[PDB]
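Structure 1 and structure 2, given next as structure tokens, are two forms of the same protein chain, each shown alone.
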Structure 1
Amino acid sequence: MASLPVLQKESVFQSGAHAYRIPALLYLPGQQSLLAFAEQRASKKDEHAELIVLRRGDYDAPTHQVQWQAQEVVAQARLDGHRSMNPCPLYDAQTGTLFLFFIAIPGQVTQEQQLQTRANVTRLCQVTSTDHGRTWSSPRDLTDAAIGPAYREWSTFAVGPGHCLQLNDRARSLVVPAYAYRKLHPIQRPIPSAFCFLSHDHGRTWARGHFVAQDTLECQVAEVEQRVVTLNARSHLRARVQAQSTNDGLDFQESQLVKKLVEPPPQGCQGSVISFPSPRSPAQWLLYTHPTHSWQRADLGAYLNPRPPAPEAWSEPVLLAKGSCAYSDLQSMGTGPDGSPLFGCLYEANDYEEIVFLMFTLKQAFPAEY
């Protein structure tokens, strides 16, 4: 009945003068620290979003606990007159550059206004850091270069939220998960589909991967090794949509509903997925966190896939948190104190009144594998 006993459970963000939503977590292996991002909003409503905040956490080996420094606004992550949303961090292990992708929307123009008028006013931006997130560059609007001609083809769009991916391909490509409401029919309402922005030159130039042939919203990607990019997306079909790409994110040749991974009504909820070194035939396994309630957003659970990307290989969930739970973001942190893979998890709880940090090992979550 009680949730999973974990190495650590701590509220890193709480409602106060501002509300906090949309967590994003990034582990910096060489720094042994975590970057927890979130949207600082004037209220819980989406259009009241303002800026992006950040807390740097340091993992202490002797105590196997993470101590978090004070939150601070990522001042550079914004466009004049625009509110910032959807933080999507990424660490380029080859250049050491830290990327923070996000979207910027004029004042309080809602997503609904853009959908109803089929008029896109959302911007794709990024800020980078060469000192691991301590200081950030001026924002760069990627809209023209990354979206260009397709801009008029979408009612609106977003990236993430959550951590991105860097492939172990030749060019060490950067992959940013996203979705867009595409204007396909003259009368029918534009349908959203997930896809990935791609960069083969470490963020210098960008291109758009093709759409998952499914009605999908927020998604995240992971790579498993031949080399496959598995995409896990939110959908209104009461189940998650999972798609695989064997051509590094450009196209998703296969996709389907994973009924075992429930989505609450009426339009599901965002979830997170990551790959990590297998404790044993396949090289990597997958971990996925998401609410497990079928009627509302509650009971955050962790699922395991020991034979990725096989949809039928997803395990039954393990209860991570009881009660109201929503968005989450996962990160593989290496080896835990018990010799098994260590994981960090950031998630919205208690009717969006706090964002909780959870840290646990594979041994704790899935002991049957041991």
Structure 2
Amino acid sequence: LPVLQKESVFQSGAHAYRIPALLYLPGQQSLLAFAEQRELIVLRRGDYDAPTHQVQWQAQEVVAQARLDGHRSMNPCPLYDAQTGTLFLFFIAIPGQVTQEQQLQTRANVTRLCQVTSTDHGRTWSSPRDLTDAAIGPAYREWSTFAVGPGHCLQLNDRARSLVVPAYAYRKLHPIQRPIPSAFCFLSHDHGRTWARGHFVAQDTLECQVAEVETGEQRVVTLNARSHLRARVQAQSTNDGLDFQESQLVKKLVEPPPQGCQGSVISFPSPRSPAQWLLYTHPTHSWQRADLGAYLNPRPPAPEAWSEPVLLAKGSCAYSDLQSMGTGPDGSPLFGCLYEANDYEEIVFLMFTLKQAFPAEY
């Protein structure tokens, strides 16, 4: 398909950069591209230059605040709070080396849920805040580890403008069997002051992302997760992510077994009747992490409504993250996509419009 921009934003022959996260700032009309650097989190800011309809990426910088002493930082999970304008960067912190506790108990949970916030459009960040105890509580010792995202988080359009952070945890349900992962959501109605841990979806679900859409008559949260099956796993919640209805397989969205691959999903105003449509990116190969494709769902989150994918990039492609960026030069919705490519040797930024990706719609 034709695109507005394709630029490698992170590069490393040593596969130093992985796990992309993208965040669009609507007022500034800029993007924040995060990635893990093999471990800390790095960032590149880029302003959408209207006159040239290109994002001008600035110099890479380390998010020095997004780290705990003696820990490795991973899984950048950003969010823009529309009510306050504050930016949240959730992330995971794990000890850099085996701890004394782990020496005695191999599966002891030593993973930390953290966050740093910014009130100046991501130019500077607050000291890190460990949210582990407040968000997970007593369930903490029941897991071997867990993670959030990777990729952008969600803010609902409810009265409270609730924050929903997608996540997954490896549950130590059997002392002999290896811990099995299950996706879920963290939910806050007060801009991160308090957190609730939602119930798990089906077992063996891993990196997931959530979006909010209108279906039937009200708004629901759709969770789209990586699986070890041949198709993606999806589930919807009518209570902001605290409880999900029965998980379902989305056969139209392929997953390459046995490992599967992380994928991204976002909602955006319908170009036309449903209020929102969904856009999702993930490799399209039946058993390899290759050929990144963009898929559209005009009647979300109905599994049967997903479109055939449009090829965004041929060849090796892995994790990705999407962000809507307002209206494009051609008048249709503008999108930004950050994805791993070329055997993890780089992270590429792609910017395109709905008209470019899905011509038939126009």
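Residue numbering: sequential along structure 1, first residue numbered 1. If you superpose the two forms and keep the largest set of C-alpha atoms that fall within 1.5 Å, you have the rigid core.
Q: State which of the options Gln94, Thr135, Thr117, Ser138 undergoes a Cα shift of 2 Å or more between structures 1 and 2, taking the core as fixed.
A: The one that moves 2 Å or more is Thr117.
Q: Once the core is aligned, please say if the CA of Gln108 is shifted by at least 2 angstroms between structures 1 and 2.
A: Yes, because once the rigid core is superposed, the C-alpha of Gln108 moves 2 Å or more between structures 1 and 2.
Q: Align on the rigid core first; then say whether the Cα of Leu184 has moved by at least 2 Å between structures 1 and 2.
A: Where the cores coincide, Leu184 still shows a C-alpha shift between structures 1 and 2 that is 2 Å or more.
Q: Superposing on the rigid core, do we see a C-alpha displacement of 2 Å or more at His18 between structures 1 and 2?
A: It does, since the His18 C-alpha is displaced 2 Å or more between structures 1 and 2 after the core fit.
Q: Align on the rigid core first, then pass along the CA displacement of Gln267 between structures 1 and 2 in angstrom.
A: Looking at the C-alpha of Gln267 between structures 1 and 2, the offset is 1.5 Å.
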